[PDB]
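Count residues from 1 along the sequence. Below, each value reflects all heavy atoms present in this structure, side chains not excepted, and no hydrogens, waters or symmetry copies.
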Amino acid sequence: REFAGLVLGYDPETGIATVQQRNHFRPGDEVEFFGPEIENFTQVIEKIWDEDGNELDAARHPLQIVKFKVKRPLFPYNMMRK
């Protein structure tokens, strides 16, 4: 179903994806990542942080930059569906 975020980047040192919100999502939500560079995989969202590295309870603000751990590398403009 819906487009929940656009991946902007991935930090291989920490395994943190930087995503820009497209629709509401929250910790515990199950998502799927896909894009030309990757094998798609499913992810449950754990802790989420804002652009300053402080925790967020939900990604409820359109176009907010949010950060969270992912189980595999991601590439710019990979998509996240909920």
Please tabulate, one pair per line, all N/O donor-acceptor pairs under 3.5 Å involving side-chain atoms of residues 37-46, not counting sequence neighbours.
from : atom 1 : to  : atom 2 : distance (Å)
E37  : OE1    : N78 : ND2    : 2.9
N40  : ND2    : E32 : OE2    : 2.9
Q43  : OE1    : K71 : N      : 2.9

Item to check | Criterion side-chain contact (heavy atoms from CB on, under 4.5 Å) on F33 and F75, from CA distance to verdict | outcome: CA-CA 10 Å; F33 293 100; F75 292 78; over 6 Å; no
Item to check | Between CG on residue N23 and CG on residue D29, distance to nearest 0.5 Å | outcome: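 That separation rounds to 11.5 Å.
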Checklist entry - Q20 side chain to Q64 main-chain N or O, any donor-acceptor pair under 3.5 Å? => result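 It does not hold such a pair.
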Item to check | Residues that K67 engages under salt bridge (charged side-chain N to carboxylate O under 4.0 Å, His left out), provided they are two or more places apart | outcome: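 Once residues adjacent in sequence are excluded, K67 has no partner under the salt bridge (charged side-chain N to carboxylate O under 4.0 Å, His left out) criterion.
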Next on the checklist: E2: which residues meet the salt bridge (charged side-chain N to carboxylate O under 4.0 Å, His left out) condition with it, sequence neighbours left out?
Outcome noted: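 So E2 forms a salt bridge (charged side-chain N to carboxylate O under 4.0 Å, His left out) with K82.
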Checklist entry - With sequence neighbours excluded, what pairs up with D50 under the side chain to side chain donor-acceptor pair (under 3.5 Å) test? => result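 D50 satisfies side chain to side chain donor-acceptor pair (under 3.5 Å) with no residue once adjacent residues are dropped.
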Item to check | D57: side chain to side chain donor-acceptor pair (under 3.5 Å) partners, not counting sequence neighbours | outcome: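 Counting only residues at least two positions away or on another chain, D57 forms a side chain to side chain donor-acceptor pair (under 3.5 Å) with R60.
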Item to check | Side chain proximity check, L56 to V66, heavy atoms < 4.5 angstrom | outcome: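 Side-chain contact under 4.5 Å: yes.
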Checklist entry - What residue pairs, at least two apart or across chains, pass salt bridge (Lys or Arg N to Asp or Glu O under 4.0 Å) with a residue in residues 6-22? => result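 Non-adjacent pairs meeting salt bridge (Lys or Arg N to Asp or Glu O under 4.0 Å): zero.
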Checklist entry - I16: which other cluster members, linking ILVMFWY side chains closer than 4.5 Å, directly or transitively? => result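 Reading the cluster by chain and number, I16 sits alongside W49.
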Item to check | Residues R81, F34; criterion side-chain contact (heavy atoms from CB on, under 4.5 Å); working and verdict | outcome: CA-CA 8 Å; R81 55 147 73 87; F34 59 101; 3.6 Å; yes
